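> sequence first, structure after, both from an experimental entry:
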Amino acid sequence: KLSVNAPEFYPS
Amino acid sequence: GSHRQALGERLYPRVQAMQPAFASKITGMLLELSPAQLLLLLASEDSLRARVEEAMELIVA
């Protein structure tokens, strides 16, 4: 179940 | 987390190749899937495409 509230991911 | 970050780093450029504009959002969403589904994503271009498009229309609706 996919989730519009997931945190955004931040590469390095 | 340290582990999900490593996952996310491997996943990110692959998601970016298909959704340049929403790669950060989509990767983070993807990382909420079960371990099993993540493995499949890593292993399978077509499977990732499916999740990415899935993620796309959850965002735009």
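Sure, I can see it. Residues are numbered from 1 along each chain as shown, chains lettered A, B, ... in the order given.
> quick one: what helix or strand has residue 12 in it?
By default, I'm working from chain A. Here residue A:12 sits in a region with no helix or strand, counting by DSSP states H and E.
> think we crossed wires, I meant chain B
helix B:2-16.
> now for that helix, which elements pack on it?
Applying 3 or more Cβ pairs under 8 Å, 6 or more residues apart in numbering or on different chains; DSSP states H and E, we find helix B:2-16 packed against helix B:23-30, helix B:35-43, helix B:45-59. Every residue, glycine included, has its C-beta placed from N, CA and C.
> closest one to chain A among the ones you listed?
Proximity to chain A (Cβ to the nearest Cβ) singles out helix B:23-30 among these, at 3.9 Å.
> for the helices and strands packed on helix B:2-16, which one ends up most surrounded?
Of those, the one with the most neighbours on average (mean count of other Cβ atoms under 10 Å in any protein chain shown) is helix B:23-30, at a mean of 24.
> any residue of that one up close to chain A?
Yes: using Cβ under 8 Å from any Cβ of the partner chain, helix B:23-30 reaches chain A at B:24, B:25, B:27, B:28, B:29, B:30.
> packing partners of that helix?
helix B:2-16, helix B:45-59.
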